[PDB]
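Worksheet: the structure to be examined is printed underneath.
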Amino acid sequence: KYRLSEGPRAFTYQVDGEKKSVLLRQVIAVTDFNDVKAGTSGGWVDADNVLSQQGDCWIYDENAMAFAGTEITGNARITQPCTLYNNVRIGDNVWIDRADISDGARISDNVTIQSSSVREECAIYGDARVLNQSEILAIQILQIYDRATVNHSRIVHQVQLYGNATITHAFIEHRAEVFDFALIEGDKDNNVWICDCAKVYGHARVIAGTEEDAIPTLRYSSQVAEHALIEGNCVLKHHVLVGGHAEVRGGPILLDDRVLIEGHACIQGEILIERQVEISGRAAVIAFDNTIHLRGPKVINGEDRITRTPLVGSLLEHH
Amino acid sequence: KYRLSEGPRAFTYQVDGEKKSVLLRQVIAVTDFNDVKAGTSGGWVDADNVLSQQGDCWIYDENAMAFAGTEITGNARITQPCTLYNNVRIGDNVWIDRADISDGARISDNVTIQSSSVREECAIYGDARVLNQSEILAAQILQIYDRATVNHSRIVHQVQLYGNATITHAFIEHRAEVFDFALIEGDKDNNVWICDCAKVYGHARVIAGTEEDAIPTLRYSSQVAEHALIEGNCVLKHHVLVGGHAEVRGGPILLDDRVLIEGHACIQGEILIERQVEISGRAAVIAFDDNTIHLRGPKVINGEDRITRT
Ligand SMILES: [Zn+2]
Ligand SMILES: [Zn+2]
Ligand SMILES: [Zn+2]
């Protein structure tokens, strides 16, 4: 499929703020294949094993770099200025565009990485799409697959994203997972933070608000699934489970220490819910532009309408 | 169950900037039932047939009003100051909380109407929830049913909302329909606009943006389906459908005259797409902040097409 240019050339690239260079040879097609005509020059490599002679895989940009143990095979297309190095693997029908990939990252199947960067041991396969300035820093390994779509987001550590999850402007850390039809939607003024072992799946939605720091924050192992929806300045900490067709908005809101919210429950405004509280049915907890504090053990259901802190039971007596 | 107070009082209510007055007698429990102890006074009516003697239905607030043909039956609960007039029908296990219902509205099953207003011939049934300052203003009638949720939205004319749709901060009008797992999400700076005969269904998502006038606007017969996501300043017009797993953002964007965007398509930036254009596959059409993109067909964009300019 191709031959390497004769004269090697040095190319610079920076790693962790340091400037580094490598000697590479330019790939030159010696025959027609796919959308590549013989005689055309592509990217640069540091060994003939970097780019497979078989299949349709190819490096199109003359500023593209692939070296240090990286291996491109199959029909993988690498377009625009890219930098792949340190035992990276790209095969099948993968598409890499103006993105950087390094440190043993393995991109397979029909994946797309565009205007983004991926670093360290992780597995991005299936029909996953990582786009628009996303940053994937791996460090169980981090996986993004199925039809998950990541947009201008930062995925780190050992996060798992799959199913049809649609993430945008989010920061998912540690061992957080987002799958099924989950929608994580931050905006330019507020990201969405999902940390630790939190999980968002089913048809759940987590939507940042427009107010200053109205950052939806899912911590520890709290979850949001089924048809639940969380928006605005909301923080979920220890053992919180939001499901059913519940809706949480307003802020600031804090859910912590064994809180279960499902059914038709609507929770809106500055509300603090904690300590064994279960809300379902058609209950409404609304704090009109006001504050509400709910503490259990306590079951709120049926048509309970709460517009002020209830001065009874667990609110006035703990232990 | 209850008796009317012998002394009728005069109450006032606002009707289109007008000041109205009506004579109502107050309801008073004469026996115990559900959560109402005998002897407690409830709301006010203008007839004994307004509140059924059967079932648990009851008007709790002493400031609530229900007159002029309104009929409350079954176990319907009317709580807080409410105004129900002009042939309204409330029954079954419906819960109306601090809201005004008028002009022949029929609310059934397990619906919840809270801090909102409903007016005219329309049907709200199933397990629908109309909450937080929503305004329902109604050959077919406006219908809100199944598990549909409405938050601080304006639903007008003959709109249909059902399935597990979730509507917030939106203006849905005329004959638009939203269902399945559709998500219509506006914010306090921008609402979402759905008009004419537009339809949003499947797992579609239409999210308003944060910048001034970033109003997603669906007109004529445009549709958003399957897993498509539309955000920000985007306008969909004649014969337009966004589906698959397409994602349209940035702005301002305009789609018109037979345009189909699906597959994995990502449309981002100030882009004008029109006249028999199809975009799918893993195609990307991105107009980098300063730049603009104008696509006019017939034309097909797919595979790994990457358009950054016209
Ligand atoms: Zn908001
Ligand atoms: Zn309209
Ligand atoms: Zn935005």
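Just so we're on the same page: letters track the sequence lines, and every chain starts at 1. Reckoned from all heavy atoms, side chains included, excluding hydrogens, waters and symmetry mates. Both counts, for ligands and for their atoms, begin at 1 and track the order of listing.
Contacts of B/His174 classified as ring pair (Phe, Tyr, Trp, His ring centres under 6.0 Å), with partners at least two apart in sequence or in another chain: B/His157.
The aromatic ring centroids of B/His227 and A/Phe181 lie less than 6.0 Å from each other.
Protein-derived N/O/S atoms nearer than 2.8 Å to the Zn ion (ligand 2) total 1, waters excluded.
Atom-to-atom distance recorded for A/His264:NE2 and A/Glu247:CD is 11.5 Å, nearest 0.5 angstrom.
Under the 4.0 Å criterion applied to side-chain N and carboxylate O atoms, B/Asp16 and B/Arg119 are assigned as salt-bridge partners.
The salt bridge (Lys or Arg N to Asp or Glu O under 4.0 Å) test with A/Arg249 singles out one residue from A/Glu270, A/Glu211, A/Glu231, and that residue is A/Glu231.
In B/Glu212, the CD atom is not crowded: 12 or fewer heavy atoms of neighbouring residues, nucleotides or ligands sit closer than 6.0 Å.
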